[PDB]
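A quick write-up on the structure given underneath.
Values below: every heavy atom of this structure, side chains too, minus hydrogens, waters and symmetry copies. Here is how names work: the chains are called A, B, and so on, in the same order as the sequence lines, proteins then strands, and each is numbered from 1.
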Amino acid sequence: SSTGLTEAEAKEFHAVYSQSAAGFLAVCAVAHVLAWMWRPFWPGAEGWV
Amino acid sequence: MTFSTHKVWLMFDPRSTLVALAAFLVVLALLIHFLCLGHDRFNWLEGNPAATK
Amino acid sequence: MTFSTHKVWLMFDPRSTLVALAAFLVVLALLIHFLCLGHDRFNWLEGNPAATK
Amino acid sequence: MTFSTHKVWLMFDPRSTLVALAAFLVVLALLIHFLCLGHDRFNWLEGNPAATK
Amino acid sequence: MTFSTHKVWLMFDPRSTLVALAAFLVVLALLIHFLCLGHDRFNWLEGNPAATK
Amino acid sequence: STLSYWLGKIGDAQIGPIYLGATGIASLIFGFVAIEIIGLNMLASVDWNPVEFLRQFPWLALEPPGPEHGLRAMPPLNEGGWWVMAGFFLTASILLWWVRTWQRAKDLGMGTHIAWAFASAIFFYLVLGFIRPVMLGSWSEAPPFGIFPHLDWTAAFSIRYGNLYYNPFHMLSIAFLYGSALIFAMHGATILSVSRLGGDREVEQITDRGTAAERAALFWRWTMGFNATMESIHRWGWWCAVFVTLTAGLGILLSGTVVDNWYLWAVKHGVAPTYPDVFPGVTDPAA
Amino acid sequence: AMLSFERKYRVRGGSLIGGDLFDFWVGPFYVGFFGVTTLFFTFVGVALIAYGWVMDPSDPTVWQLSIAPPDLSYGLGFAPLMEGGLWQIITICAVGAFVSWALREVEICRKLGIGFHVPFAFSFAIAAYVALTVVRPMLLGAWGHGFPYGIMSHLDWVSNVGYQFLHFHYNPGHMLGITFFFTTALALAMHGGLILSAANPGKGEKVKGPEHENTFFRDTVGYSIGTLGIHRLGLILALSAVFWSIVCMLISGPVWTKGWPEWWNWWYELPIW
Amino acid sequence: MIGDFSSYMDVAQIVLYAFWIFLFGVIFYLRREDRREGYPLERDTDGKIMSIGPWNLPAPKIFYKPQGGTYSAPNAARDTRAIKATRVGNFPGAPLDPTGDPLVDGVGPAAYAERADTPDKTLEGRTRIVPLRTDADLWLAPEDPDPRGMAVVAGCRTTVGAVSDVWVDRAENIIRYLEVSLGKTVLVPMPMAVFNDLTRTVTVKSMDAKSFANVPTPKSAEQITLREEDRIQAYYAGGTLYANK
Amino acid sequence: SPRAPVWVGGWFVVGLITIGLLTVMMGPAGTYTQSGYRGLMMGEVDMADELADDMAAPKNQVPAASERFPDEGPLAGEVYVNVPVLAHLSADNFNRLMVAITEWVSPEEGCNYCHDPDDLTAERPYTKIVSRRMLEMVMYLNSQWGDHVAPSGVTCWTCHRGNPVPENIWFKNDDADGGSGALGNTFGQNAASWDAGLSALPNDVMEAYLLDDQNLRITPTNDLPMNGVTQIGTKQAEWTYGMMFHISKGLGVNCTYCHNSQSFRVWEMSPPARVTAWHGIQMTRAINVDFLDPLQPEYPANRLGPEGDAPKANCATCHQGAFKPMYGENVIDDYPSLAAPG
Ligand code: BCL
Ligand code: BCL
Ligand code: BCL
Ligand code: BCL
Ligand SMILES: CC[C@H]1c2cc3[nH]c4c(c3C)C(=O)[C@H](C(=O)OC)c4c3nc(cc4[nH]c(cc(n2)[C@@H]1C)c(C(C)=O)c4C)[C@@H](C)[C@@H]3CCC(=O)OC/C=C(/C)CCC[C@H](C)CCC[C@H](C)CCCC(C)C
Ligand SMILES: CC[C@H]1c2cc3[nH]c4c(c3C)C(=O)[C@H](C(=O)OC)c4c3nc(cc4[nH]c(cc(n2)[C@@H]1C)c(C(C)=O)c4C)[C@@H](C)[C@@H]3CCC(=O)OC/C=C(\C)CCC[C@H](C)CCC[C@H](C)CCCC(C)C
Ligand SMILES: CC(C)=CCC/C(C)=C\CC/C(C)=C/CC/C(C)=C/CC/C(C)=C/CC/C(C)=C/CC/C(C)=C\CC/C(C)=C/CC1=C(C)C(=O)c2ccccc2C1=O
Ligand SMILES: COC(C)(C)C/C=C/C(C)=C/C=C/C(C)=C/C=C/C(C)=C/C=C\C=C(C)\C=C\C=C(C)\C=C\C=C(C)\C=C\CC(C)(C)OC
Ligand code: HEC
Ligand code: HEC
Ligand SMILES: CCCCCCCCCCCCCCCCCC
Ligand SMILES: CCCCCCCCCCCCCCCCCC
Ligand SMILES: [Fe+3]
Ligand SMILES: [Mg+2]
Ligand SMILES: [Mg+2]
Ligand SMILES: [Mg+2]
Ligand SMILES: [Mg+2]
């Protein structure tokens, strides 16, 4: 409305936006799992020993 | 925002919102990568032993 | 963007988007090449031994 | 851009595109030449031994 | 630009292009002459031995 | 072409559009390369940590080659070569920006006065970074690319050549900077005082003198015995601003090349004050 | 009635003391009560400077002339005329002459029917001089803290006061004042060049107007300050430069007594890190 | 030694003296440019033109005005309008006393210059200062109060009228004058007006109720010339000295 | 909403109360002393409360010394076995010196810090070997460097001040160098280092001047350049400046304490304290070259530096932030044994 979009155009844009954001977040989660398997990043009580 | 909040794009202009989120995401990625490079254990290019102590 | 989202160009100007993408990609390539030059193992012009520790 | 995408020039102005490309290429060439001059093994005017270690 | 591509000057102003080319060529010649002067082997006015090491 | 309420209070509210052109794009490319070099050397100097970068940004710099390299055209990168590259790219971007300003003046049918005022600052910048190191044959005499480091360079340059207060061209440049501030406060206050009479429309007052220009002239005539015109005060200000950097370049050219101690130069020429000897028996212990 | 348009402006009025006795001109200069006081203080001060010049035993040149303030041991008291009293009297006369100059400018503005922006801006320079020779000395408890009245010796005072903090460049108020002074020269060059380019467009070009002036800066930096905004900006820049100079000198000694570089430990060791 | 010409002279001293010559030449040139208006000078007792050397008065330069015409400086034109003020004895420097009303006559702070008798134009050739009621492409920023409708108070604490319109500079987007209908319509220069949006009043302390009734008016109600602008602004500026007293 | 005109007078009162806020916030004003000529402003700028606190600091209070035994009795070289450097002291004075040294170096750890707990004759701890060279160094400083340390003198308290590790010691690469790979060379500067007064000046200058004999004299002695004399040195000026920051911080003084800023080069315009500081530079260089550095093999890895070098002394090791160590308190008159080698 204010931006100048119909509710149907907004729905399609949200569909593609949600798909893209879900793919991005899935890739980020996979990358964080890979980085944890490389080197865990929460230290214990002793540190990096 | 949620999977069902499709009307958020009736408030935010999609083109400008995507450029401000892309800019923010790139800057955040750069900051976190430099934070990893700035510490001995997570600098993958310096290649220190993982036990930096 | 996806192989099928051809309508993104009805919202983003192709010319300006291409120029911004080219600038960002060149800047990022320079950044990563400089970060490789800024590390002993990956500076290919300095030619340090691969094993650096 | 490929050998067959001749319609790019209906979207990009040939004159400004060529001038910007010339500027970018000159800056890139100068930067790479200076980076070579900035290393012992590739400064051809300083003429250090190739075996640099 | 090639020997038979005479329609450059239907897109580029011959006088402005000539002035810009003269400026660029003079600056580049000055730069390369400074490069030669700044290295011991190729400084022809300091006259160091060609064998420089 | 967006608007700005806060900027529309001090002045106009419209920001844009900006014309870059060919020389503008070239200057941006050169300058971005220079800025990338400088900033990445700063970030690498704190071992890439952005926390330490935020802590130490004023103290960080890209540093010139040491004196052991002389005027080597391209020193090793991490020994001043990065500084030489950043200086080259910054100089190219600044020169292309000067050409851009000259061209913008020409395409608008306007005179090239801002371009030739920028030429004075470019002359000072070039003396600081390139011309004087060439004559002295050492890149090390050039300022670092840093916030606190170029202040350190300023202080150490004054100390090295014996109290740059005694450099007559430094005195002249300080006189011209003080005069730039003086003249610009004078002119701003004068135009604001005759703004009730249309005095801010100065170019219209130049080709058609109004009571604003007459009263502005008469205020200064009755104050200090002489005055300028609505256009001549701008020549006064332009020349005063140009002389700042012109005398700055002239006084930096002469430091180390023809004069090596400025206080002793002033002593030879009867300029340095002599003070009563409060410490009667102090001599050099190494003599 | 000297200029070709000055006769119609030379009328009575503008006096700050309410009287017609001093309302007259001598040549181009307007004389007021404050003009008379300005000349009184000025001639006293100049004659005392000449006296201190001829009484100097070292036979100084014009550059080496110096009338130094009293010793710090005299405090806020009175020194012998040859031991700082001359500097004190010249300081009093200089303050009086500068205030009288500002008030005479107020009188001239009132006569011309214009604003008092010029006396107000000159009051900032007067405040800088006062903060250097009267206020800061009282804050530090001695008139010997003021600078000597000499062309070259006040440079030595500046140098030694700066090196009393081991690096005066690191003073934050000094940084702000230097930034504003350099920006004032930048803005003055830009403004003078723009007005000269609009008034002198060249050969075959007409005199450009406000549209071209605004277009040149919107096309160069991306923003146009306007023709009224540029003069406000310039006055603000010069006044901010002098204000930050006053601040930096009032925090040096009265506030900061140690090296200036270590003041930035507030940022280097900010509680965040 | 390196930079020496003798045991006393040296290169820096000579460069300094060369800059002294250049600076004195620049100051001479600048002082020549200062004399493009108001010179040659005239005596304060009989108006006799004083002789100035051709080395102090520059040759006339021609300004090609944007809307046509050529202005020269110097121009040999001298303001010789009769000043309605007198003094007892033609002593040099003696100030003048207005004979009648200094505001209407234009004496002193009310004096104005005989500028062009044509309205100021823009680049495209349309009137620069016009009332807002005529132009639809120009409005007032909603962040700022609207002067229209505000009461107008003089320097004697008297409500002399209300603001009916605002005259805007079309070349700078700035309000130049306030059209005030006296409770018959006058233009108040905006720098001479102080706005109070809480009480909805505009204070013009430079005018009295008597002075507002004698404010010069433009020939046209949607068009003002540079001379009319100059006269009105001079009237309000002279009101600071001649109105409330 | 209507725009409210700004209350100029009310905000002027607020400005006055903010000036009061600033006055209470940022100073009772520093105390000045004048050392040179009027109008020059050569002198010291000190906060009175902070200067009084530093004088009343525990490190500046020299411990009370017991009455000295008459030096006429059995020497320590015959009563004791391993006393090569204190074989000329009477045994009573030897015990007094041991007690004083314990009070000066290791009061908390006691006699066992430098001695084997069950054998005072055994040179087992490295601390005893270091302390013997400490004694030799103190004797050498008192006998040979009276141009600087007299009449106050130096004892174990002058540097150690009641703890085994003196407060201000330095190593070669004391400030970690920045830069990864081919980028980021800090050149021994461009950091917030307390050696340079938290300035971006060279922070590793002590090696060039207090261990090496590099030139601190950058300012030429002639107004015009010579043919063989260098015409550069701005970066070399930064090294001298950083060294002068170290000197100023070690003595708690400003540049005007030893210099007239009109010319940092002219000794005739300098206070006589600059001559004492010259002898101090020579003495510190002698200390580091002759005693403190050759002790590196005797130190454990815990005591060495990042470069594996021995700890070294500077101007701040003795002065500890005062123009004189302990502000001029005499420490050698009570201990003539530490005043000269036997
Ligand atoms: C390159 C070929 C196609 C393309 C084909 C696809 C396909 C197929 C997919 C995506 C998906 C995505 N694309 Mg895509 N995409 C294109 C151009 C772009 C551009 C751009 C402005 O150039 C951007 C910013 C994106 C961005 C994105 C992400 C928002 C999204 C998933 C994020 C991700 O993979 O993590 C990492 C992302 C980044 C680091 C940002 C860069 C994105 C890169 C350039 C896109 C290519 C990734 C794709 C998997 C590789 C296919 C190319 C092969 C060589 C043929 N695409 C072009 C037109 N894109 C995925 C998705 O939407 O999930 C449901 C997906 O499955
Ligand atoms: C990615 C796919 C969908 C999406 C799917 C969901 C779902 C499902 C949920 C949310 C919820 C939220 N989303 Mg969401 N969300 C989207 C895009 C966004 C964007 C954006 C500008 O892109 C923003 C700022 C947000 C912000 C938010 C939060 C304000 C809100 C609760 C905060 C939270 O749980 O984590 C704290 C915030 C952060 C850690 C940073 C915020 C940025 C990221 C993108 C948040 C996403 C978290 C969400 C769980 C992702 C799940 C997607 C997977 C496919 C399951 N979303 C897109 C359109 N979002 C939750 C909610 O409403 O509360 C009950 C919720 O259950
Ligand atoms: C040189 C002669 C033709 C040309 C012939 C081809 C052919 C054939 C191909 C491409 C392909 C590409 N071209 Mg091409 N291309 C041209 C001019 C350009 C320009 C330009 C503004 O000048 C740009 C930015 C590009 C960019 C690109 C890439 C986007 C794309 C593949 C990327 C890649 O290879 O990574 C590297 C890219 C870069 C480092 C930046 C681009 C710089 C150069 C000019 C890229 C050329 C790469 C291409 C493989 C070289 C082939 C030229 C030979 C004579 C055949 N081309 C000119 C007009 N180009 C490929 C493609 O799209 O397939 C999917 C491909 O097969
Ligand atoms: C000098 C005589 C002719 C000319 C004759 C030719 C011929 C023949 C050829 C080219 C070709 C090229 N020319 Mg040509 N070219 C001319 C002037 C120019 C100018 C200019 C603004 O002056 C530019 C930028 C160019 C640029 C170019 C390149 C884009 C292209 C590839 C060559 C190359 O190695 O790239 C690197 C470019 C540079 C480092 C800057 C270019 C500067 C010089 C002028 C390049 C000339 C190269 C050419 C071999 C000169 C030989 C002249 C002999 C007498 C034949 N030419 C003039 C008008 N040019 C070639 C081509 O199109 O490939 C299929 C080719 O076969
Ligand atoms: C009379 C002497 C005074 C003076 C004069 C002067 N300087 C001038 C001028 C004049 C008259 C100009 O016309 C010119 C100017 O344009 O000023 C606004 C300039 C100038 N004075 C400058 C600064 C300056 N002047 C100074 C001083 C002074 N200048 C003197 C006091 C100083 C000081 C005190 O040291 C400084 C720092 C510049 C603002 C400007 C010249 C600009 C220039 O050279 O630009 C090219 C250099 C670059 C590094 C390019 C920018 C690179 C960035 C990476 C750009 C961003 C790119 C990016 C792709 C953008 C988009 C990002 C997206 C995410 C949106
Ligand atoms: C506040 C912003 C800037 C500013 C503004 C400013 N100054 C102004 C004005 C304005 C707006 C005026 O209207 C007024 C004027 O008329 O200018 C032509 C003035 C003025 N700015 C002046 C100078 C000046 N302004 C300076 C600075 C600045 N002025 C600021 C940068 C400096 C500096 C930095 O050094 C100087 C020297 C004068 C030309 C003039 C004021 C003239 C005046 O006061 O006349 C009356 C006094 C005398 C004729 C002489 C009195 C002499 C004493 C009795 C004895 C001497 C005492 C003195 C301390 C000795 C100094 C010795 C050494 C330190 C040299
Ligand atoms: C009772 C009795 C004793 C009577 C005798 C009375 C006598 C003798 C005289 C009258 C009384 C008095 C007090 C006289 C003053 C005497 C003195 C000392 C005069 C000189 C004072 C003085 C400050 C002189 C100038 C000093 C200098 C060098 C100033 C710097 C100026 C400078 C850097 C550049 C000049 C640039 C000019 C001319 C700027 C003014 C100017 C500005 C700023 C505009 O903006 C403007 C806008 C539009 C049109 C015109 C102008 C314009 O003219
Ligand atoms: C990580 O970083 C990112 C990517 C985020 C980007 C951010 C960058 C940042 C934050 C950069 C910050 C930079 C700062 C703060 C810079 C400050 C610089 C200052 C204050 C400089 C002061 C003075 C410098 C001067 C005067 C330098 C002059 C140098 C000159 C003129 C050099 C000329 C050299 C030439 C012409 C070389 C020519 C090449 C030759 C001819 C030698 O080749 C043979
Ligand atoms: C390190 C700072 C020491 C402390 C703590 C104590 N002593 Fe000491 N002792 C030290 C040195 C360097 C020497 C050698 C003297 C020399 O001339 O080289 C000594 C020696 C002794 C001895 C002599 C033992 C022998 O030779 O057989 C005795 C008896 C002795 N010291 C006593 C002693 C006492 C009583 C202490 C506590 C007050 C004490 N020592 C502490 C260094 C150090
Ligand atoms: C006494 C403790 C001093 C303080 C306080 C300061 N300086 Fe120093 N200065 C001192 C000495 C003993 C010497 C001579 C050293 C030598 O090897 O001859 C110096 C010398 C300088 C110099 C160089 C002089 C020359 O001939 O070039 C400079 C530039 C210098 N001093 C600067 C300086 C600064 C900036 C100070 C405040 C931070 C400072 N000095 C204080 C002794 C003392
Ligand atoms: C004149 C007699 C010898 C000197 C005696 C001491 C003089 C200085 C101390 C008294 C005066 C200082 C305080 C003055 C305050 C003035 C406040 C306006
Ligand atoms: C002996 C030294 C003489 C120095 C004279 C300097 C004269 C400088 C004149 C500068 C202005 C020239 C005219 C420019 C008008 C505008 C052109 C577009
Ligand atoms: Fe102006
Ligand atoms: Mg010679
Ligand atoms: Mg280091
Ligand atoms: Mg260190
Ligand atoms: Mg102190």
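- Side-chain contact check for F/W222 and G/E6: at least one donor-acceptor pair (N or O, by modelled atom type) lies under 3.5 Å.
- Counting only N and O atoms by type, the side chains of F/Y275 and G/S66 include no donor and acceptor under 3.5 Å apart.
- With hydrogens and angles disregarded, no donor-acceptor distance shorter than 3.5 Å links the side chain of F/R235 to the backbone of G/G193.
- For chain F, the option among G/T184, G/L188, G/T227 with the highest count of heavy-atom pairs below 4.5 Å is G/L188.
- For a residue to count as touching a neighbouring chain, one of its non-hydrogen atoms must lie under 4.5 Å from one of that chain's; by this rule G/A198 touches chain F with backbone and side chain alike.
- Interface remark: G/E269 contributes backbone and side-chain atoms alike to the contact with chain F (heavy atom separation under 4.5 Å).
- For a residue to count as touching a neighbouring chain, one of its non-hydrogen atoms must lie under 4.5 Å from one of that chain's; by this rule G/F217 touches chain F with the side chain only.
- No side-chain donor from either of F/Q56 and G/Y268 sits under 3.5 Å from a side-chain acceptor of the other.
- Neither the backbone nor the side chain of F/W236 comes within less than 4.5 Å of any heavy atom in chain G.
- For F/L54, the parts sitting under 4.5 Å from any heavy atom of chain G are the backbone and the side chain alike.
- When atom types are taken as modelled, the side chain of F/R100 and the backbone of G/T220 share a donor-acceptor pair closer than 3.5 angstrom.
- For the residue pair F/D152/G/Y170, the side-chain donor-acceptor check at 3.5 Å is satisfied.
- Heavy atoms of G/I236 lying under 4.5 Å from chain F belong exclusively to its side chain.
- For G/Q64, the parts lying near chain F are the backbone and the side chain together; criterion is any non-hydrogen pair under 4.5 Å.
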